[PDB]
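First, one chain by itself: the form deposited in one PDB entry, in structure tokens.
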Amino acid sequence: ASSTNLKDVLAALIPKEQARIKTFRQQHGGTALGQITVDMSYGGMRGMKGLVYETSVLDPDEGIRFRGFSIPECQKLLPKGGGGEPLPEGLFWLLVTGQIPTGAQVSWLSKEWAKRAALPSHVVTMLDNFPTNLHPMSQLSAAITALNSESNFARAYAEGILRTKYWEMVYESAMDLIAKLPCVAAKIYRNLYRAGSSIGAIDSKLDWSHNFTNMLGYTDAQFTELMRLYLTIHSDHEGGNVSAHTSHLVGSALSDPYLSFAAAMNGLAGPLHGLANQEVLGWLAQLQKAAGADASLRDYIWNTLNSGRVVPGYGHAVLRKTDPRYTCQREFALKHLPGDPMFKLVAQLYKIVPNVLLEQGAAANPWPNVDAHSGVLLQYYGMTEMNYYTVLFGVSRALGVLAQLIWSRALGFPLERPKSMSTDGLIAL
């Protein structure tokens, strides 16, 4: 009998996986997977296999995979709006279950995130009172922190539930949080950039992305398509990235899903991390202030480098080739905004940057990453408020960090608490 329910599927899923991880461990737990070097320790774990994260795997050459699903593969397999871009709802199912969803499942998440989208009074209040010089990421993070009041996992814990049921309450709070996100994010956008106006109502008949754009107040049918792709591609990037790892580290201590997410966001707000979104546009913005020749394009790049600054949008800790997330974006401008002068610049930089970075001989990866291409796309659509970009990243990333978080707790992952050493202590070792 009956219909669609993710929680029920997971219930079926958990015990098998649990069983699966036990025997593997019983046999291989002692297996050395790697070594740790001094350089590794001073180098921010660069190269260190430190975590188990199941939702996605980053390949140094090919890049990110969702099951073992590449972006191009997701693009063709994931249910769409009616209607060329993959629905983030579907990416979510996929990340959660390892399986490709049916349009039917896809519709369930949509309704689900629609029914659940509700902002408590104390949150609206705070956001309403936030100064305008308060960065959108800051506002975003305080808000999510402030929502913790509402944690089903926090309450259940306080009640004394057995550890075995953790995942259950994590799941509820993950679904609620995902659902509330576009409301919080839009409210900040409305406050800061459209003072006096209102977010409106969520309509149970639309997909999440669509209700989001409606809340942001964008009408362009192509903008909606942008959104769906954007929120899908930004989902998840394995576990080692600052935002995902922070949520993983914080969640490990038993802090509810709200608290872990907001810390994840303080992470994404960093310039070398998500903020590159924004830094890229302000660097272009500045570029243009100072139709240029490659030679002047190259002088500009050197001065950045020479000034002990980074060239935003290039480089990666794990990727060693152009980010397929970059290509994905380029192919979208190519279809939709090929004559855009910002676009062209971005295309022009592609030709120069890497070569200049190779020339400098410092960057291990001279290729662009996802952040080099995102904003260009947004600006075209009339969303030119650059200090807001990372919020968009923010909302998407939730899909991936909450998908895994529920697994961690399902699998009983323990407290993340490695050993640290001092230089003296290492000198002595």
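Here, rigid core means the biggest group of C-alpha atoms that superpose within 1.5 Å across both forms. Numbers follow the displayed sequence, beginning with 1.
Enquirer: Unmodelled residues of the deposited sequence between residue 290 and residue 291: none, 1 to 3, 4 to 9, or 10 or more?
Expert: Missing residues, residue 290 to residue 291: 1 to 3.
Enquirer: How many residues sit between residue 82 and residue 83 in the deposited sequence but have no coordinates: none, 1 to 3, 4 to 9, or 10 or more?
Expert: Gap between residue 82 and residue 83: 1 to 3 residues without coordinates.
Enquirer: Quick check on the record: does 418-426 or 4-12 carry the larger mean Cα temperature factor?
Expert: Result: 418-426.
Enquirer: Identify the stretch, either 242-250 or 209-217, whose C-alpha atoms have the larger mean B-factor according to the entry.
Expert: Per the PDB record, 209-217.
Enquirer: Highest Cα temperature factor in the entry, among the options 340, 299, 150, 176: which one is it?
Expert: Checking the PDB record, the top C-alpha B-factor among 340, 299, 150, 176 is at 150.
Enquirer: Compare the CA B factors listed in the entry for 383, 392, 40, 362 and report the winner.
Expert: In the PDB entry, the greatest C-alpha B-factor among 383, 392, 40, 362 is found at 362.
Enquirer: So where's residue 331 on the chain's Cα temperature factor ranking, which third?
Expert: Its C-alpha B-factor, which the entry lists for residue 331, ranks in the middle third among residues of this chain.
Enquirer: Consider only the C-alpha atoms of the modelled residues in this chain, order them by B-factor as the entry records it, and name the third containing residue 404: lowest, middle or highest.
Expert: Lowest third.
Enquirer: Which third of the chain does residue 271 land in by C-alpha B-factor: lowest, middle or highest?
Expert: Answer is middle: the recorded C-alpha B-factor places it there.
Enquirer: Considering every modelled residue of the chain and its Cα B-factor in the PDB entry, is residue 53 in the lowest, middle or highest third?
Expert: As the PDB entry reports it, the C-alpha B-factor of residue 53 lands in the middle third of its chain.
Enquirer: Sort the modelled residues of this chain by their C-alpha B factor and say whether residue 109 lands in the lowest, middle or highest third.
Expert: As the PDB entry reports it, the C-alpha B-factor of residue 109 lands in the middle third of its chain.
Not pictured, yet referred to below: the form deposited in another entry.
Enquirer: Where does the C-alpha shift reach 2 Å or more between the shown form and the other one among 145, 355, 138, 102, given a fit on the rigid core?
Expert: None of the others reach 2 Å, which leaves 355.
Enquirer: Relative to the superposed rigid core, does the CA atom of residue 63 travel 2 Å or more between the shown form and the other one?
Expert: Shift of 2 Å or more: yes.
Enquirer: Please determine whether the C-alpha atom of residue 339 is displaced by 2 Å or more between the shown form and the other one following superposition on the rigid core.
Expert: Shift at residue 339: 2 Å or more after core fit.
Enquirer: After the core is matched up, is the C-alpha of residue 314 off by 2 Å or more between the shown form and the other one?
Expert: Comparing the forms between the shown form and the other one, which are aligned on their rigid core, residue 314 does shift its C-alpha by 2 Å or more.
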